[PDB]
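Okay, so we've got a single protein chain in two different forms coming up as structure tokens, structure 1 first and structure 2 after it.
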Structure 1
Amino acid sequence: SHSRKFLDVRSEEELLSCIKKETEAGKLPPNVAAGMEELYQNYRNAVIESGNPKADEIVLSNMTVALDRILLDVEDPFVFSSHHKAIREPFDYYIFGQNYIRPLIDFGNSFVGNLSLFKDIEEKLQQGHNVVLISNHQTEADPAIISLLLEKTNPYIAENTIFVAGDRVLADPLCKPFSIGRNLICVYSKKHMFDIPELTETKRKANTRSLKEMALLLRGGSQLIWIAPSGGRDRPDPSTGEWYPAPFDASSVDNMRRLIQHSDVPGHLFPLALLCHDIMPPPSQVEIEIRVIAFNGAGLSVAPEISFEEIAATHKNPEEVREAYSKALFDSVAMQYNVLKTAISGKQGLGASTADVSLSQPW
């Protein structure tokens, strides 16, 4: 039976004592207990540093509920398979991840690129078409960056986007409550497929099942799916420290395009850029060389779909077409990303807008 002791915590001393007690009962592995203490301190620090006047209340509330939900999953892990629908009841995991990430976003220094295209995307969905957002990936909070930035203007996208998500993030005890509250297509990454030879067959069968269910969803129409063809989160250049979208896997863009073609329903792929690594960056040696959670502006942009036909008509074979189409999507993502960068880290705000990227603050 679930220990609800984290919900009785009213102080940092009780928090640490609770962590100790759950570990001593064997209900929390020592490395997970340690990760929980680091998480607490880092979340606390970022919220206090934002200047938020309700910092102490937000931290106590979000962190005691986060620890309770992390322990709940450790006691009996939620099993993810193929398509996962966000859990909204009795405990709304979606709204929990939204409220958990809210205080880390500096909305005054956050921007949306080409807001009107998100309305275009909703129209296409209303026509029964499917839309795939071909994006870069920066943090495990990416779904909340998208949902929070668009919650006022595009609540439909905020609540119904489906994220193609890899096994590494879905297995992490600290991220599980967040993941449970999102719509997902769960896949085993190519990167880790061969790490454990005794699991490869199983992962491949599950990947086929996930693809099959995604194809079935597409046949039904009106699906909005996000996928980062790079797989992983962007990393800073190991020498310069510069962050920008990681290389795409051109086969991943091709596989999505072809599933759309066989679904017999009109489908659209739009290049999407996300800028939020400062809020919850992946670990990196150059960052040590030159904080796991921070308050910072976030950016989100979308640009028109790339003409696949124009590329197929001007390239000599299948491989060259695949590479050029993936590169054209990637080139758009990187272009939008630099405009977001100039607006936020460059401090130009709306003055970073260009002919192709029009910024706004829809909140």
Structure 2
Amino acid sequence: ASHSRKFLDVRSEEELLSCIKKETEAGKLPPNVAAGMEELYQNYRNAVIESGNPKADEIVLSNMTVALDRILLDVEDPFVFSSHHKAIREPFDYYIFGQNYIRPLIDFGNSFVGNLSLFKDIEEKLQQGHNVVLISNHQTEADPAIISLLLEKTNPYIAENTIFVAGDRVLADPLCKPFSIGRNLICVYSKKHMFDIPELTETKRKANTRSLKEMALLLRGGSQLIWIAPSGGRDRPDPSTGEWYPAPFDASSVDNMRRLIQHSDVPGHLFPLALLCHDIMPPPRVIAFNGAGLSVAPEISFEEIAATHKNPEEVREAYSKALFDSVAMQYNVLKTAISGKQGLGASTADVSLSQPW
């Protein structure tokens, strides 16, 4: 069994669309995957053309041709994710593939980074051998790429070496897998969906145990940069007001992360991180060109929280809530800069915004 390379011979939208139909009729694409490709093509095309980019036609055809080639390759021979997955960069550079694919969807012109200088401080801690965990919200299946693209110029180390805790659809759906192959990951089934199919819960636990043992081993070696969203899912708009805010954190996931970092025999840090990009690829399909925001702020002192609270349970919830409140402060600044149309004027004493592209 060899890989079919027909999508690479495509030279137009018509040939690209016919190639989907031709591969489907030849039985090489299940109907759901063929439909998802059509949807992906149309939505991506519209978003890039809608953006006004002078090179939209070329960009769409190029990026979609490669994407469809790589998706088909995964349908033919599905990648299996190791507990810890290192980004594949050779012989096909899946990291660059994913960067290039998402780049045209971000309106850099209206995108913002909060507290850039702190990402440099994060690099200096990693240079010292410390471990750093970014405690973040999560908005789209493309978060890792969006994070990486916003920091690619100023902090390429972070952009390429961050290890994302991720799992579920992005590691299973062939439309998403080629993107994930190009990222460093710790593969974990979310608590959120753990019970969706009860017959599979034990299998998921066992897999999460392997991944978490591997993550602890990595932390023992030091210099790890890990991203995790303790809400365990993507943010959703308020059902009443329609307003988007970071989803509440699972305080136990936070506490587990803090404990691992404390018991790694290596100095570690948890920083609150906010990301704003739901418009680009929103959760329940839809793709749009839009500005994005990323911000980090200083670590919360667990000691101070422990010193001002009355018992263990209250301390754990207060610590998670302090991280959440920082993420939400930062997220509000990004929101104010972007949908609030304030740009850099949204800056506050806690969040200094910049556009370093």
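Structure 1 provides the reference sequence; residues are numbered from 1 along it. Basically, rigid core = biggest C-alpha set you can superpose within 1.5 Å across the two forms.
K.L.:
Please look at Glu75, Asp195, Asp92, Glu242 and say which one has a C-alpha shift reaching 2 Å or more between structure 1 and structure 2, core superposed.
P.N.:
Per the superposition, the moving residue is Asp195.
K.L.:
After superposition on the rigid core, what is the displacement of the C-alpha atom of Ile19 between structure 1 and structure 2, in Å?
P.N.:
Between its two positions, the C-alpha of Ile19 lies 1.2 Å apart after core fitting.
K.L.:
Taking the rigid core as the frame, how far in Å does the Cα of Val169 move between structure 1 and structure 2?
P.N.:
Rounded to one decimal, the shift is 2.1 Å.
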